[PDB]
Every structure is written in structure tokens, then in C-alpha cells.
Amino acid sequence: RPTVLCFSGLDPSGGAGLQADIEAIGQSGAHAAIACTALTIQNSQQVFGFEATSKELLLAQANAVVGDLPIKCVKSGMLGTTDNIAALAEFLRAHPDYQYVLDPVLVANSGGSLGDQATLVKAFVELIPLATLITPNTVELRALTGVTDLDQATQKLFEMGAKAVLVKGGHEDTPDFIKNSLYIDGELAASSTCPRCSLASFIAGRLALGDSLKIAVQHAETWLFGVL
């Protein structure tokens, strides 16, 4: 059972964060390991605050997993601080053989703060070229690039060094479905939907199990359509 190591925050209410990573990775067929980036204080309605994990304790968790478990993929969600973004980049550069799924979490779904967005956007520059796949929703895509046109923003992310981008949402969305577009090396590789879209951890698990990107993304949609 290949392992996905998740650099993710803890949401006590269990709606998001490393709990959702654990659930998705288990359903993908892989094993989840966790390097907790923050203990948040939040529920479905608001974020009250959070205590970011120090860079030292973050790397200590990650390094405890290294050597014990067969890490094949890293996934990141909430990182909280620019220190933790830098620590993850340091970790990834020490392990270029790991695949990496970057979910560029800038805000909570409730709207509450999971860190200062402007400085997080600037710090994410370092992680963009390291990712096997970046999974921005349309808000995250625009924030990372400073570009409001989705097509132009996607291309800008590739100019910034992205290798593959799964854009969640776009001009093809409807009340029943969010449309996802998988781009590889700047070119549209697969155009799909998703009934509703938190795909990064499930995709990471499928990548850990040896799937190609296209097959992993397809499995993730089948998983969500199976919930429906």
C-alpha cells in the first residue's frame, strides 16, 4: 500500500483539511500519512483562528514518515505560513522522486482566513514548478496568477513553471456539475465534469498507486459520481 504524505491543516469540525485527505486517500486505495501544518479553530460557519505548526515540527513529522513508509506522492493543502511553504519546498527538493499534488489553499470554504493571501500567493511561486499536478479552483487560479481571464491565467501558471494543472470550474459549469479541465504542458489533455470538488488527495492516492495523471483524474471523477 503506497503512501501519500499530506502537508495539511486540521479542521476540528471534520469538514475539510487532513480529515478529508484521510477519507479520500483511503477511498483511492492508498495509505495516508500526515504532516500537520496547523491546528485550526473553526467550524462549518467560520474560522476563529489557527496555530501554525513551526517549520521544525512540520519537518519532524514528515521526516518520521520518511524511511518507514513507502512515500510515493506528497499532497499539500493548507500550509498557513510562508515558513511552512518554504519547509515543504525544502522537503520536496530533498525528494525529487516523490510526486507532488499542490492544492493551493488560500482561504477556507467558509471564507475565513487560513493565512495572509498576498504573502501566500507570493510564496507559492516556489512550489508551482515542483508539482506533478496543481489543482486550483477558479479563484485560486486567478489569485496565483493575478489574471482574471481563465484561459490566460491557465497559460500564466504554465509560464510560472507548472507541469500540469487541473482547473476546477470554468465557463462550462452548470447547477449540477462543475467542469474540470486537465492541462499538461499548456495543452488541454482531458475535459471532464465533477458532480457538485476536492480531488487533490484522491488523485494523489491514485498517482501513488501508479496511475497516469489522466487515469488518476478519471478515477477521481468516477469516485465522486459513485457517491452520487
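Just count from 1 along the sequence shown to find any residue number.
- Unmodelled deposited residues between residue 196 and residue 197: 4 to 9, per the record.
- Note on 135-143 vs 148-156: mean CA B-factor is higher in 148-156.
- For the segment pair 209-217 and 16-24, the entry gives 209-217 the higher mean B-factor, averaged over Cα atoms.
- Comparing the C-alpha B-factors of 200, 39, 189, 57 in the entry, the top value falls on 189.
- When the CA B factors of the chain's modelled residues are split into thirds, the value for residue 74 lands in the lowest one.
- When the CA B factors of the chain's modelled residues are split into thirds, the value for residue 222 lands in the highest one.
- Split the chain's modelled residues into thirds by C-alpha temperature factor. Residue 120 is in the highest one.
- Ranked against the other modelled residues of its chain, the C-alpha B-factor of residue 44 as given in the entry falls in the highest third.
- Compared with the other modelled residues of the chain, the Cα B-factor recorded for residue 35 ranks in the lowest third.
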